[PDB]
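A quick write-up on the structure given underneath.
Because the Cβ atoms are built from the backbone with ideal geometry, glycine has one as well, and the counts that use them run over all protein chains shown. Computed from the coordinates by the stated procedures, all read-outs in this text should not be read as laboratory data.
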Amino acid sequence: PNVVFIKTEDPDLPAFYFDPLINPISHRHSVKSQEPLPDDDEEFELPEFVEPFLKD
Amino acid sequence: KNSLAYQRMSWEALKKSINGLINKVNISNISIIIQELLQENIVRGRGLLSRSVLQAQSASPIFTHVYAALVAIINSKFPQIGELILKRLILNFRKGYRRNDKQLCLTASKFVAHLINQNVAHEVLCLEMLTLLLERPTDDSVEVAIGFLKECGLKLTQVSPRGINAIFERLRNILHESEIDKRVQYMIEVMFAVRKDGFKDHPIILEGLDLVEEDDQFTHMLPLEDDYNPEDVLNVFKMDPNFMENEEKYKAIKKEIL
Amino acid sequence: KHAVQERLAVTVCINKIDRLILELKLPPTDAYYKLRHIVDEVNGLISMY
Amino acid sequence: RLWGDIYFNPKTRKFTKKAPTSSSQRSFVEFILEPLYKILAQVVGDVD
């Protein structure tokens, strides 16, 4: 399957090099999405585990 | 009396001479233009010269690179004059931005880019203008920013790679982490394409225009936001009591740099 | 195209994100940009007829 | 719901269409994708 393996010589591992990008950033909508309404209040997210899996 | 009459007449001839020189300047003749300009009291007429250069570039941004080279040569001999041009140009850009005058934003920014290319102005100004334009990105604000980055981008890459990297990261967030239209999404893809080819169509200084020795230039550090005084009053004729002294003072300068 | 010609229920399960981020080493934002881009591309490619 | 919306830690869930903090990652790159990055990169980089 033709691995290309961009090498690294600098820190900050997501360097984003040898990589173009044709998606127009900061503005796109062409498909309908569920929940177009930020209306729901805090009801079910338990604050003991509202957090993601890791921050340590 | 005659003192007033002569000062006024000399003032009117000076304005015309400058105006002509600014209309004539191009790449092939810049050196003679400089020589002819230096014969004139461009200290007394520093406001006149600044105004002519600024109006010319605004009406003829096709020659921005040439006006930048001209300013660069003058600034190397008279830094205070280059500073006066820069102060007004910065204020012009801000006026345009404030008034949503896209054409003036396009031409004033283009001038800034080339004064940076010519080491007359510090690149901090470019970075700050790009940040401003890209904070609340509009079709027009992105169009100004991208045209601007094209012109000073190669220079930016050399003197401030991390700064230009921050700009590109910001553009990518706009390209993906924003709801943008086709026009914005195209102009940004163009900007990344230009960076990829190493700004091959946007060199820092065209052959024939790099005429000031590196160490002879004076690079002004002028941020975007400062409360600059444009000193437009310098454009208006006024009787000078020390006209005699001031005149003989200039010719002493002229004989120096020739 | 042959699926929408046969009007089968078009679903998709794309593969190899370990080839995407352990091999091309994208950041999270650009990876979300690429995945939303390919989802919008296959949406616009199915929405032809 | 966790697609195309931005999560931020105080005021627990208000899944806005904008970014309150100027560097705000979305809910898809804070709940599923970057934890997969953390487990994957720590198990292939820090094994001892």
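Tabulated values for the structure
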| item | result |
| --- | --- |
| Most mobile of B:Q57, B:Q158, B:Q80 in a GNM of chain B (Cα contacts under 10 Å) | B:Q158 |
| Trypsin sites (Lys or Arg not before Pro) restricted to DSSP loop in segment D:1-38 with at most 15 other C-beta within 10 Å | D:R1, D:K11, D:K17, D:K18 |
| Furthest towards positive pole of dipole, B:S50, B:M9, B:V66, structure part segment B:1-69, Cβ charges | B:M9 |
| Chain A shape via C-alpha gyration tensor axes, a/c threshold 1.5 | oblate |
| Euclidean distance of C-alpha centroids, segment B:223-238 and chain C, integer Å | 56 Å |
| Centroid-to-centroid separation of segment D:21-48 and segment B:239-257 [C-alpha atoms, Å] | 69 Å |
| Per-residue Cβ neighbour rank within 10 angstrom, fewest leading, C:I14, B:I81 | C:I14, B:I81 |
| Cα shape, the protein assembly as shown, gyration tensor, a/c 1.5 rule | prolate |
| Computed over chain D: relative contact order in percent, which uses C-alpha pairs under 8 Å that are six or more apart | 34 percent |
| 222 nm mean residue ellipticity, helices alone, for chain B (DSSP H n ≥ 4; -39,500 (n - 2.57); rounded to 500) | -22500 deg cm²/dmol |
| Loop sites in chain A: trypsin sites (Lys or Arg not before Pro), DSSP, at most 13 other Cβ within 10 Å | A:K7, A:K32, A:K55 |
| Calculated FRET efficiency for the pair B:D216/B:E245, C-beta based, R₀ 30 Å, to 0.05 | 0.60 |
| Inter-chain shielding of D:31-40 (mean C-beta neighbours from other protein chains, 10 Å cut-off) | 5 |
| Rounded tilt (10° steps) of B:161-176 against the dominant C-alpha axis of chain B | 50 degrees |
| Interchain or long-range residues, amide H under 5 Å from B:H220's placed H | B:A121, B:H122 |
| Residues B:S109, B:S141, D:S23 arranged by fewest to most Cβ contacts within 10 Å | D:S23, B:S141, B:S109 |
| Neighbour-count order for B:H176, C:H37, fewest beta carbons within 10 angstrom listed first | C:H37, B:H176 |
